[PDB]
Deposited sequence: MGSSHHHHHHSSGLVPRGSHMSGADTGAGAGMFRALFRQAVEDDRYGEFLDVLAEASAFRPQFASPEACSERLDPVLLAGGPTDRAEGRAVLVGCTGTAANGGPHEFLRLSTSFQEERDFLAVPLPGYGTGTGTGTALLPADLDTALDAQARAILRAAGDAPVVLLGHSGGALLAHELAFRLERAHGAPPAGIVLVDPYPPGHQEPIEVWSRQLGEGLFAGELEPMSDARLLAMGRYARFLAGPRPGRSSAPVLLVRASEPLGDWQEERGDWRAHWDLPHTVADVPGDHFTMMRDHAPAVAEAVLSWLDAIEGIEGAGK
């Protein structure tokens, strides 16, 4: 439902996912924007998706950072969150610009979006230490948020969980598997991706390609898929997700998509074990 989705479908069909994402990014510049975190069109109130034991003092809460995928939304963390029930509080925070009302305004810049989320999270979490968690584009967003919280809000997270991140220096698998990634996005549709949400996705992709100098002091858990998403020539190097100097690395069953789709308990299990290790 919309020209942009028809164009996107054709671009994937023609193996030009990367070229089309640049088009979405350029076109997104002409969507109405918010320039201050106060001027955000949506209420970014996190949703509590799992509850920890009533038992509840100085214990870290999980914050799921919604990813960039235009087919995403409130359903993203439902499978993963069930594995945190009776273990940890799990809050899912929306990503600004993906909402309806009257479509949501897009952030003028990434810091503006991060500030809006940071405020929402600090209000919701109260005094509890926060561990940020994201998958793919959301993993990249989780780190950027962690740095923003530390520098602009004096509130560095207790940790960051990065599920299958592909940061700017490790792009080759993204490029070699762009058809599978584009196909994965159509495969994951519950409804047709709207043009507004495809534009939001392009705007964030471009934000995340740009110069992001700061490194969070929070410790990092790197969670990596164990199965390749598609064919990969061995002499290219390692296809696996990467992060510079993680505190801990965990490997789980599944590929880039199925690690969360079919093997969410294994992801949750890695996170819980790691949180116990960093807390005492």
Gaps relative to the deposited sequence fall at 1-29, 85, 132-134, 314-319
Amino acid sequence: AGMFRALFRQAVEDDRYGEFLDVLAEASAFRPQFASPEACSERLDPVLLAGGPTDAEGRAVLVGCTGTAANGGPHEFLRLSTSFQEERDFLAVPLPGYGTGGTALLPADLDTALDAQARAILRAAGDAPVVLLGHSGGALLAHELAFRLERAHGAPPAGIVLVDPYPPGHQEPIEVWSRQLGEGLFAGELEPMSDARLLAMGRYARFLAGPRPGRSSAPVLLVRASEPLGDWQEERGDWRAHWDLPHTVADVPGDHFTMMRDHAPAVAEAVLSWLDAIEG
From here on, numbers count along this sequence of modelled residues.
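Between two forms, the rigid core is defined as the largest C-alpha subset superposing within 1.5 Å.
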Hey, after superposing on the core, which one moves around more in 5 other deposited structures of this protein, 69-77 or 85-93, CA-wise? 69-77
When the other structures are laid on this one by the rigid core, do the CA atoms of 191-199 or of 116-124 sit farther away in 5 other deposited structures of this protein? 191-199
Is it true that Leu229 goes unbuilt in a third or more of the other compared entries of this protein? no
Compared with other deposited entries of this protein, is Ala56 missing coordinates in at least a third of those that cover its neighbours? yes
Per the record, averaged over C-alpha atoms, which has the higher B-factor: 84-92 or 147-155? 147-155
Entry-level comparison of average CA B-factors, 9-17 and 256-264, reporting the higher stretch: 9-17
Tell me which of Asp251, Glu38, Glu26, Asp244 tops the list for C-alpha B factor in the record. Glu38
Residue with maximal Cα B-factor (values as given in the PDB entry) among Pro228, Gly214, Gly67, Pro219: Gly214
For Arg31, return the chain-relative third of its C-alpha B-factor as stated in the PDB record: lowest, middle or highest. middle
Among all modelled residues of this chain, ranked by Cα B factor, put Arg206 in the bottom, middle or top third, i.e. lowest, middle or highest. middle
Taking the C-alpha B-factors as the PDB entry records them, is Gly51 in the lowest, middle or highest third of its chain? lowest
Tell me, lowest, middle or highest third: where does the Cα B factor of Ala196 rank within its chain? middle
Using the B-factors in the PDB entry, rank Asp127's C-alpha atom against the chain and give the third, lowest, middle or highest. highest
